[PDB]
Amino acid sequence: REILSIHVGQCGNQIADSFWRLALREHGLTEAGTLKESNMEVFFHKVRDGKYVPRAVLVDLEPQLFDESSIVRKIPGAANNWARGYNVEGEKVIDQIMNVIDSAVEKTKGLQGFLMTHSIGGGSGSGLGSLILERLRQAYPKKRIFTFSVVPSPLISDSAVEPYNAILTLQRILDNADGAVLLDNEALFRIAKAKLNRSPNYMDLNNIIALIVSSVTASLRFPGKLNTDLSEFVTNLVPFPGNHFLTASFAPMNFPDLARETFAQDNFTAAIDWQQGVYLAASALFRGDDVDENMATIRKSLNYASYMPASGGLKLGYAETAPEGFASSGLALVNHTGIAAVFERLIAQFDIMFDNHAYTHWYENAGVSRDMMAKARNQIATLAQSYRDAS
Amino acid sequence: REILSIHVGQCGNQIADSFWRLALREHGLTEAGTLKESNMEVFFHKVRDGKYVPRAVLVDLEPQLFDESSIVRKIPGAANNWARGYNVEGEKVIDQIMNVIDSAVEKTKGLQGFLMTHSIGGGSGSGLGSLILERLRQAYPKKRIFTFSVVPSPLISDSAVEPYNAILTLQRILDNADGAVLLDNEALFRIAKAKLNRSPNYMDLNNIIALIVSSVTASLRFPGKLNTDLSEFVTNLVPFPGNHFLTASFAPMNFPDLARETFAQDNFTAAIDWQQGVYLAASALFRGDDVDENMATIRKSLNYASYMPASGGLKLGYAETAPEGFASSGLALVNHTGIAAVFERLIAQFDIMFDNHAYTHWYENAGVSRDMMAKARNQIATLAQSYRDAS
Amino acid sequence: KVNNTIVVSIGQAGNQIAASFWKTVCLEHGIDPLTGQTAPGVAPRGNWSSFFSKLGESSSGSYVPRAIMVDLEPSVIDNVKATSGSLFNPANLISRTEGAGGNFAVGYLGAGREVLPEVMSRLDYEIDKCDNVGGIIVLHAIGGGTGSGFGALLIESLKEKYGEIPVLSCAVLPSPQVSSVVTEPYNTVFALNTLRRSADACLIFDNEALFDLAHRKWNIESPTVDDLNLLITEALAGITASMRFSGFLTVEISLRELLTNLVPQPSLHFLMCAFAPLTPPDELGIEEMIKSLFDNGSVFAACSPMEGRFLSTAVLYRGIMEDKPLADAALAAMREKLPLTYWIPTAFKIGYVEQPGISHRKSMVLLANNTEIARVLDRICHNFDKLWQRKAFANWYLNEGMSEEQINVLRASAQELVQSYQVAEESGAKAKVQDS
Amino acid sequence: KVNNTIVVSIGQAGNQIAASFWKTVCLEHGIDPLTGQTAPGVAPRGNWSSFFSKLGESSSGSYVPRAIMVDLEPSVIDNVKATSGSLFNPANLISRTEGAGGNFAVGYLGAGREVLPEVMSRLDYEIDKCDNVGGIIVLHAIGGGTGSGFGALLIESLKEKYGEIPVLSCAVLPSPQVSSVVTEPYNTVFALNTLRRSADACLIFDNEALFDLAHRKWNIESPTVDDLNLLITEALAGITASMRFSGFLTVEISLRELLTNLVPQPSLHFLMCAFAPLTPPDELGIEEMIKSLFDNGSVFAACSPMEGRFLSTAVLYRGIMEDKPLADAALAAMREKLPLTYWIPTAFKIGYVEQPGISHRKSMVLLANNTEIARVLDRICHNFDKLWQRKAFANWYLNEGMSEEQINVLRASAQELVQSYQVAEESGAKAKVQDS
Ligand SMILES: Nc1nc2c(ncn2[C@@H]2O[C@H](COP(=O)(O)OP(=O)(O)O)[C@@H](O)[C@H]2O)c(=O)[nH]1
Ligand SMILES: Nc1nc2c(ncn2[C@@H]2O[C@H](COP(=O)(O)OP(=O)(O)O)[C@@H](O)[C@H]2O)c(=O)[nH]1
């Protein structure tokens with residue numbers, strides 16, 4: 001039940017750092033991976049009696065200690081171009097990235113699958129990120145692949161071409177991942193904004209994320225009973241192969257208060273269309289300080305599509321070890337049809353630019369024609385339409 | 001026949017870098033210690049079939065790859081005070097320095113001895129350097145200890161208090177080392193000065209040194225027959241326990257030209273009093289491109305003390321691998337009574353300052369009384385007088 | 001590991017600007033601009049590997065610009081050699097004797113056809129010693145004969161042989177208050193066509209604007225081309241700073257990154273730039289500087305960006321660190337008053353570099369792809385017509401390689417470019433169609 | 001890993017200088033001097049750990065000076081709090097109400113005897129959060145009551161409880177053109193005794209000199225204590241730069257290192273300092289600056305170092321990097337014209353720091369232990385006598401703790417110090433004997 005984690009790109013490794021940070025403190029390991037005095041060998045790697053190293057590969061990193069034999073320094077070239085990352089520049093390094101990964105699973109008794117932390121708006125995390133997602137499937141067909149993908153939002157964007165990279169990558173996340181957590185900047189923004197009087201900075205957003213990760217990953221690295229393995233994540237949240245795009249929330253930012261906050265619109269990390277959107281599959285996980293009781297109480301709060309059975313469709317878990325800084329916290333993974341919003345948004349943006357030949361050429365001269373791009377959009381459009389009609 | 005190398009202080013590690021640099025290129029190893037395609041396991045450590053790591057401990061280093069488990073980062077405090085390094089500040093870290101060393105000899109089948117690269121004018125390389133020299137003897141009594149010590153010269157000094165540290169350290173080099181190569185700044189200066197039209201900088205001097213090291217160390221790491229082990233260095237150059245202070249030269253900066261240059265006053269790295277000074281024990285070592293012939297020819301050039309036997313007293317060696325940048329080079333280790341000069345110099349300087357209570361207090365308030373200092377001088381004074389009367 | 005940038009400076013003006021640039025950058029990085037040497041034992045400030053090359057291995061090692069200077073007349077290169085010490089690589093200073101007689105034709109297909117070989121040989125060399133080449137900046141004055149002629153010639157062969165490498169042209173446009181040949185509009189229009197078709201982006205330096213500026217904001221009775229040239233440097237230095245020095249969250253912004261953001265369409269890659277503070281070489285507050293960056297009298301182009309649309313902007317600060325909050329706050333406000341298009345809703349790059357230049361403790365450069373550039377291009381086309389209409393001096397060019405048909409087409413291209421941008425104000429879809 | 005330095009500023013002047021210092025350093029390192037914050041995601045320039053402390057752990061983290069401000073009157077600390085935002089640690093700004101009435105006695109043994117406790121508590125705190133404490137700089141004006149009184153008191157307890165820590169006092173001497181109490185010579189002479197016996201070195205800031213300077217080299221009609229204070233900062237910043245920023249071959253020069261070199265004998269630890277460039281806040285070349293450092297009208301002390309002997313020198317540049325060669329060459333030449341002693345033949349420290357201040361792209365500070373300081377000390381002793389002779393105002397001090405015998409001894413010490421240095425010109429051996 002070992003999970004290899006792959007972080008790619010600036011945003012990819014930025015999350016890596018932050019997450020693996022508390023990743024240790026939670027499991028109580030030192031800056032170097034020792035006991036400063038549970039089944040954790042799922043994320044960390046036991047080297048010797050009391051030594052552990054993070055089961056993770058840092059791909060395309062450009063600035064603490066991970067196995068620098070399993071981390072690849074970035075080679076200039078990706079830019080903000082997806083096509084550039086998935087081809088010209090990715091090619092030069094995909095074979096290597098892959099060996100570095102495979103050599104990390106070699107020292108893996110029973111591999112479960114992978115986790116990928118990256119940004120779908122850049123060029124490294126999107127382009128190269130997609131290429132990896134692809135060759136990762138074509139190599140470990142039986143393994144599960146999960147994603148922590150940051151979606152871009154104009155209210156904190158640095159590239160004009162983002163939505164293009166967004167759509168392109170979303171296609172590969174759709175065709176190769178068993179599930180993806182969409183960390184929406186538009187949401188991460190708003191959250192951080194009203195949480196800290198001044199205009200947010202990538203770090204602030206980066207925080208919310210780090211927590212969301214640890215909390216989502218928790219159940220996989222702790223003794224609990226809910227979402228023991230990525231596989232359970234699937235059977236519990238993906239009501240169908242294609243629709244595997246989830247949202248996650250955090251609480252907080254009492255218990256009735258926690259369970260209330262955990263399932264509070266404003267508390268989620270995604271712009272889901274809470275109005276004409278309906279639930280499909282939920283999952284709460286509280287950790288810290290009588291849970292298998294208020295379950296039915298909550299399900300009456302949430303409104304799933306009609307065809308779903310009244311009671312059930314929602315499972316609640318627990319972990320005694322809460323994230324540092326809290327006595328006990330929440331987290332809610334929800335496969336909600338409102339997630340269609342996020343896609344539709346990206347589409348709309350895409351369309352304007354694309355229909356005017358916005359920056360289309362930088363992509364074509366890089367091995368990504370407008371038709372290929374259009375296909376990418378048309379596909380993601382359907383994916384969203386899909387979620388929409390399911391409501 | 002393994003030799004552990006210990007570099008302490010700025011000047012100590014500065015030499016380390018430079019030396020270990022060509023240390024690889026000579027043995028043809030890569031930046032990381034691999035074969036880019038002799039008995040070398042004397043300096044480098046075979047980790048695996050084709051992997052080698054430098055047998056050396058970096059003590060008190062403050063900025064490439066050595067075993068960072070066997071390198072100790074400096075802890076602020078030494079200043080330019082010997083007393084400060086040998087006591088207050090050295091104490092805090094001597095125990096550790098020692099374990100780091102002993103753990104390096106643990107993975108040593110048959111340890112020969114140590115090499116120490118440092119400066120006798122600073123406070124780290126002199127103070128702490130002396131403390132190490134001491135505890136190194138009190139721990140490996142049967143082992144041989146050799147030193148590459150840089151003597152300070154006003155024509156490129158940065159501290160007023162240098163000669164004090166000079167004398168203090170020279171006492172420990174006298175009581176604990178089996179031999180020491182005095183790299184005189186006054187000489188290194190003059191050499192570099194007339195070798196490069198403009199006023200010399202620590203790097204330039206640092207160069208001459210690096211070569212001097214490799215060349216001196218050569219015979220210990222190459223298949224040759226002369227000076228196979230530090231022990232031979234002794235029986236071949238130290239005509240008596242106390243008088244173990246040597247000078248080394250380099251050539252160049254034809255063969256008759258090389259053998260001429262190698263044994264050329266101006267070509268040595270020490271201010272020895274070539275006038276009223278006489279040879280005691282010499283040793284030449286040419287490397288690159290008919291040597292056991294011009295031996296007797298050379299000995300008639302050199303003038304040893306009378307009591308020494310005409311032919312003999314000089315041995316010549318050879319190594320096929322020359323230092324990078326040369327087709328073939330020289331090097332001459334000479335135990336010459338003129339070396340007394342260097343000491344006398346330091347003494348004189350000491351005296352002026354000391355007799356006026358120059359900076360004596362910084363030493364007393366640090367556990368080094370004037371009497372202790374005086375003893376240090378008085379002893380080194382004798383050491384020199386010794387060499388002098390031996391002529 | 002960082003991207004490499006080679007700077008080929010063609011012509012006289014190009015080379016004079018280039019010389020200044022290089023001395024300035026040398027000083028920013030802590031390198032003697034006459035010896036290529038820096039403090040013994042340490043490496044130059046920032047990512048010197050970017051624009052400089054390492055020669056030697058010790059500390060006696062020198063650093064040498066990744067630059068090539070080409071010119072059909074010795075007057076300037078010869079002087080650079082005199083004034084630059086052992087800075088540059090001698091074999092990278094290509095020069096000739098006869099000159100080009102202010103003839104695009106001569107430089108494009110004739111006398112310049114002879115230097116191409118040597119010049120290319122040098123590129124191949126500088127291109128190879130690059131760990132990661134990532135852009136070639138061609139610095140030249142599109143108004144004369146060499147810079148316009150060889151300029152175009154060199155950019156075209158540079159995109160045929162190589163091509164995976166981005167090429168940013170920094171074209172100095174000619175003006176009345178400094179003209180040197182009645183045919184400046186011929187040469188310009190001709191070189192424009194190539195700039196338009198073979199470069200990845202052209203940063204335009206309009207001398208008229210430079211003159212006014214050096215005379216108004218710097219208030220110089222009668223500005224010399226040297227005065228004008230200093231401003232061009234301040235910018236080149238300030239733009240390239242994002243490559244030579246490290247940011248807060250990024251270590252370097254690539255010319256590629258920078259360009260893929262500013263250039264939405266192939267024939268819409270003609271950039272403008274503004275600077276601040278513009279204080280005569282004889283202090284202002286962040287807020288004022290940001291505000292002034294968008295004044296109509298601060299762009300190094302004779303137009304009014306504010307009366308046009310911004311297709312894509314890029315503000316690049318340096319010196320700004322602690323005060324960042326306030327700085328963003330201001331630029332943020334500014335961003336609202338800016339005229340944008342509907343088809344490129346958002347495109348506003350912002351970059352910070354801790355290290356300041358040798359001139360101001362805090363400064364900033366505006367790099368903008370604005371439509372009022374079409375106005376500048378028109379002015380050129382007009383004058384081109386005043387001459388071509390009467391066929392003045394045509395013979396010099398005709399009897400040197402060109403033809404009437406060839407000349408007309410070039411003029412035609414220039415037109416397409418101009419209309420293309422105008423349309424762009426309204427629609428990107430249309431601006432496209434105008435490209436044929 | 002680097003050494004830590006805590007700066008306790010006692011009194012009014014001390015605290016006013018301290019406030020300026022801290023704002024300046026804040027700006028040099030890229031830290032907002034009102035919030036202790038820097039650019040999100042990155043750490044402040046240089047070795048901030050040196051003078052600043054890290055608060056928090058993310059990026060919302062702030063940096064706070066390793067400084068303690070003490071004063072028996074609220075007028076100044078209260079103002080610092082107003083003007084410094086959340087910069088300093090509030091619990092590190094000790095203040096009181098009654099004041100010291102220009103009375104060394106009050107501050108030394110009485111009203112100041114009450115604040116000692118709180119002040120010490122704070123040190124213990126700041127001393128502990130230091131990975132490696134390596135010096136405490138007491139910034140104060142030896143001329144008043146608090147700075148002179150508590151100053152001495154605080155330095156004496158600081159060397160009893162701690163003592164393994166070096167203490168450098170930066171004592172501002174009083175002058176006619178700015179005096180505030182007829183008894184300045186009493187207070188000074190009194191505090192001197194402690195400075196002499198309990199500090200590791202005292203860097204003297206003579207206000208008379210500062211006045212002339214601010215009026216001559218900076219040409220200010222009538223200089224304010226604020227004008228005078230700015231110069232003191234320029235130096236403190238420039239001296240401490242060798243600790244806050246990294247060198248070429250060294251990462252930091254310790255106050256300890258710096259001092260063990262300058263101070264040959266216990267009672268010969270009274271330093272002087274000179275600065276360059278001294279250009280009014282309205283450019284010079286390295287060579288000129290080095291030359292000017294040794295001019296008799298550039299030292300922040302009313303004397304002529306050149307007419308005396310240099311016991312030990314220390315030139316500290318910053319901004320100088322590429323141009324180092326020329327710089328060394330000059331200072332080297334200067335070094336020959338300098339008057340030295342026979343018993344301290346060579347003692348000339350030189351330090352470089354790449355990072356410049358916020359004022360000059362290139363600058364330098366001369367820190368010298370010269371004998372003409374004996375002349376300054378004499379002037380003090382004289383005036384002391386003009387008063388004590390007639391016993392003017394003695395009563396205020398007598399009836400506040402002191403005695404005639406105690407007062408005479410102090411005056412006696414001051415004498416020993418003065419003669420001690422004079423002798424030093426001739427012999428160090430003798431200068432010693434004069435210490436008892
Ligand atoms: N900014 C600037 N413009 C120049 C300079 N020299 C010439 N120009 C202008 O640019 C045009 C080309 O000049 P030049 O570079 O000498 O042309 P070339 O050497 O024949 O290619 C002229 O018509 C001038 O208006 C210069 O040093 N700086
Ligand atoms: N350089 C300088 N000297 C000052 C300043 N304020 C006062 N002085 C001088 O230093 C002496 C002490 O003043 P102050 O620091 O107020 O004394 P205290 O607060 O009673 O210790 C006075 O007699 C003045 O000559 C100031 O801000 N700067």
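Sequence-order numbering is used: residues on each chain count from 1 as written, possibly diverging from the entry numbering, and only residues with coordinates are shown. For naming, the first written chain is A and the first written ligand is 1, with later ones following in the order written. Note that the side-chain values use all heavy atoms of the structure and ignore hydrogens as well as water.

Method of determination, as annotated in the archive: X-ray crystallography, at 3.2 Å resolution.

### With respect to the UniProt feature "binding site: GDP" (unreviewed entry) in chain C
Residues and elements named next belong to chain C. Which entries qualify depends on this criterion: UniProt positions are given in the numbering used here, feature names are shortened, and annotations may be inferred rather than shown by experiment. Starting at the N terminus, helices and strands are each numbered in turn, a helix being any DSSP run of H or I of at least four residues and a strand any DSSP run of E of at least two. Throughout, exposure labels follow a simple rule: accessible area from a 1.4 Å probe, protein chains only, divided by the maximum for the residue type, with under 20% read as buried, over 50% as exposed, and the rest as partly exposed. Pairs of residues are marked as contacts when any of their non-hydrogen atoms sit within 4.5 Å.
The positions that UniProt labels "binding site: GDP" (unreviewed entry) are, in the present scheme, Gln12, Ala13, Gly145, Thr146, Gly147, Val178, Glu184, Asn207 and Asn229. In this fold, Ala13 is placed in helix 1 (residues 12-29). Note on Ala13: relative accessible area 21%, which makes it partly exposed. When sequence neighbours within four positions are dropped, the list of residues in contact with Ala13 reads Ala141 and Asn229. Tracing the backbone through its elements, the reader meets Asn207 in helix 7 (residues 207-215).

### Notes on the pattern of salt bridges
Threshold: A pair is scored as a salt bridge if a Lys or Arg side-chain nitrogen falls within 4 Å of a carboxyl oxygen belonging to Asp or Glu.
Under the definition given, this model contains 82 salt bridges over all chains. The salt bridge partner of B:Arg221 is B:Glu26, with a shortest N-O separation of 2.7 Å. The exposure classification of B:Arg221 matches that of B:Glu26, with both residues buried. Among the salt bridges present, the one from C:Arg244 reaches C:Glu28, with a minimum N-O distance of 2.8 Å. With C:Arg244 in helix 8 (residues 225-244) and C:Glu28 in helix 1, the pair connects residues that are 216 residues apart, well separated along the chain. The burial state of C:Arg244 is the same as that of C:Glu28; both residues are buried.

### What to know about the interface of chain D and chain C
Just so we agree on the cut-off: Here the quantity called buried area is the total loss of accessible area, with a 1.4 Å probe, experienced by two parts when brought into contact, counted for both. Any pair of nitrogen or oxygen atoms within 3.5 Å is treated as a polar contact; in protein, a donor-acceptor pairing is required on top of that, and neighbouring residues in sequence qualify only through side-chain atoms on both sides.
Listed by partner, the interface residues are 23 residues for chain D and 23 residues for chain C. When the two sides are added together, the surface that chain D and chain C hide from each other amounts to roughly 1,700 Å², 62% of it contributed by carbon and sulfur. Among the residues chain D hides against chain C, the three largest losses belong to D:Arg45, D:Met321 and D:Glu322. Together they make up 34% of the total. At the junction of chain D with chain C, the criterion picks out two salt bridges. Residues C:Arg45 and D:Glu354 are paired through a salt bridge, measuring 3.7 Å at the closest nitrogen-oxygen approach. For the pair chain D and chain C, the number of links is zero residue pairs in polar contact.

### Some thoughts on the relation of the copies chain D and chain C
Convention followed: A least-squares superposition on the C-alpha atoms brings the copies into a common frame.
In screw terms, the move from chain D to chain C is a rotation of 180 degrees and a rise of 0.0 Å along the axis, fitting with an RMSD of 0.0 Å. In symmetry terms, the pair is related by a two-fold rotation axis. Proximity to the rotation axis, assessed at the C-alpha, singles out D:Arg361 in chain D; its C-alpha lies 4.4 Å from the axis. When the interface residues of chain D are mapped onto chain C, 100% of them again fall at the interface, so both copies present the same face.

### Details of the interface of chain A and chain C
Facing the 23 residues of chain A at the interface are 33 residues of chain C. At the boundary of chain A with chain C, total buried surface from both sides reaches about 2,400 Å², with 54% on carbon and sulfur atoms. Area buried by chain A at its contact with chain C is led by A:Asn356, A:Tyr359 and A:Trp362, which between them contribute 25% of it. Across the contact surface, chain A and chain C share one salt bridge. For A:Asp158, the salt bridge identified is with C:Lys349, shortest N-O distance 3.3 Å.

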